[PDB]
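Below is one structure, written out as structure tokens, with a few remarks after it.
Going by the order they are written in, the chains are A, B, C, D and E; count residues from 1 in each one.
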């Protein structure tokens, strides 16, 4: 959403900006990386759950409406999967300006 | 990495597309393709997590310095 | 022994119908892997197309052209093409219709 | 169609011997795995499998030369026969040359030194005499580079070849698979001395797999009481009876006399077959 | 006069759990007969007997289920490092590894008791214990507690070996300028496998070692053994700069069938160090 780090600005100017303002942006980026780290694991857990559901499709099924309910559930599951993919894309593009300084620093240090 | 996560979940359905096509037993080639797809998805997730951790650590060390 | 003959004829008709079905399906919903997956899986279950729900909306140009009842008349060549195909295909209100031409009963497609 | 369950055990058998090749290389001093030596040493078995591979090629060539055209739906059995051969984890052509080379090497050794006990040893003893200890080393070294080079080493080691019904321990139930009376009392045992749960022929053996067509036994075929047991080797088979419709190509009430009718009265081991008591 | 209720009871057998500290129940064992003990309460008006009886019944069901769990563990954890440190009504603090610290609990089991049995046995592992990386998978999976104990006893030696491996890199400043470019971290897929990958950002190379639980047929019986091997992606040609060490490992190691190494857990910890000897 908010673009704390302007696009096209040099690394040293960003260092000067970061040195002040009492690290509100440091707190924000720390929270963002923390929630990314705490989001990484549940995605794996639910993906394994989806694999288990797919593998066990030939069990606990006796009524046609049971198939309606189960497959509506799985379609909803991949629905929040695509929603979570969009959310993590937003999270990474929010940190994209911050990560943009790393290639410049590496190439200057080369 | 942004495209890899999109295609991997698109490919796991693409890999299955021929699996249910014959359904529409199981071939060993399709089963091993699914196995390698899921294991590479897990591996790239782990690699992205490690890259995020390294980038974060670089963030604190540069901010401190 | 007409019973086995009609069973095998129905099986051949079913396999050619399924062939036309997936060759048409892979192109009508090529843009949505979700829609193709759920449609083919529901038809594996045996769900009528009038009950399942679609996340995306198809363009109306293909709907107008497949029937031709609009301002543009259907082509006679298109008429011959739809005659030679084994499945009558048409879309009504963003949803297509699929009906067996030989067996009018509830043909279960479940495995 | 009925040959397909047999072919599954046919492929499952050749994998067991190939699996033992990898195990024996690491530890050649293990005496508990000396069965692998005798199987390859048998002279007619190498020719017998080659004949089986020959007719398999002939059958596939004939089927390819003369396929079914009137009814495409009936081609599944013919097509599946081609698929199961190609989809086998080990190529038959590579395995065909394996046994052929063994025959030639085992014939020149006879001319090198005349001996007739080695023919008995390779067929019955399943061992190599100590005077021919150098011959045993050849089997370990040559088998690794011949056929395994064209197959998946990791897959064959972890492949599920269990349930082959080769050992006697997996024929009879573990409750009775032991000596019950001292040798002084004799070898024949009256039924009254058997355990209460082990006093019927149903509890004597594992009633899970078939022995003639090599097919899994469903609950319906177990409970109908139309299956037979061999009084000699303990084998259990439902041969000589009409098969259920679910085992046919298409579910139907038509009765067809299948090949299991050859073993109605005589078992595979020349023993007598009798109706299993319920 | 003392306005107290004591419910004395006695064990039918010399159960070794009496030696463990059960003070964090507030139960008192008798000095003159070590199999006897009492539960304790204090009261006002006395007539509301149900409160004391139901609290005693709850503490007694808790003790019975705890004794059953301890007996099952003794049946399943027959090892010389098995010991109970602290006994609590709501948590279990026992040591089964070779950790030298006396008060450090290698495994923590929280007790959630119901009217008839424990509702859930959540396994918690100390941060010092190298097993803590499997905590989320144990938490999110409702597997049999006996199966969890079997897995822990089967993989304890692997945990000790990986603890040694990680402590080799985790050592503090040894006054040596050997800033190794290889860092050792644990990759995790599920409970069936544990993966170790060596990160080298300076050389831009990867060293993946996967350890899966694969079943193999042995003498007509299927057994589970640790499948320590290089992945199928590791079709590394001779042209890789880091290829020398993979090639050395392959030559000096590759039960070996060329790629995989199945090993007995009683012998994984020396052989892994033999692999790690080349690594270190």
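By definition in this document, a residue touches a chain if its C-beta (ideal position, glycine included) is under 8 Å from a C-beta of that chain, and two chains touch if they have at least 3 such contacts.
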Exercise. Is the number of contacting C-beta pairs greater for B-C or for A-E?
Worked result: B-C
Seminar exercise, completed: Centre-most chain by CA centroid is B
Exercise. Approximately how many whole Å separate the CA-defined centres of subunit D and subunit E?
Worked result: 44
Problem set entry | Euclidean distance of C-alpha centroids - subunit A vs subunit B, Å | 14
Problem set entry | Distance between the centres, which are taken as Cα means, of subunit C and subunit A, whole angstrom | 39
For this session: For subunit A, jot down the residues that touch at least 2 other chains.
Result: none
Problem set entry | In subunit B, residues with contacts to at least two other chains | 42
Exercise. Which of the chains are touching one another, listed as pairs?
Worked result: A-B, A-C, A-E, B-C, B-E, C-D, D-E
Exercise. Mind pulling up the subunit B residues that touch subunit C in the complex?
Worked result: 10, 13-14, 16-17, 20-21, 23-24
Exercise. Hey, which residues of subunit C end up touching subunit A in the complex?
Worked result: 34, 38, 41-42, 45-46
For this session: Would you pull the subunit E residues touching subunit D in the complex into a rising list?
Result: 214-217, 219-222, 229, 255-260, 262
Exercise. Which bits of subunit C are touching subunit B when the two form their complex?
Worked result: 18, 22, 33-34, 36-37, 40-41, 43-44, 111
Exercise. Hey, which residues of subunit E end up touching subunit A in the complex?
Worked result: 136, 140, 190
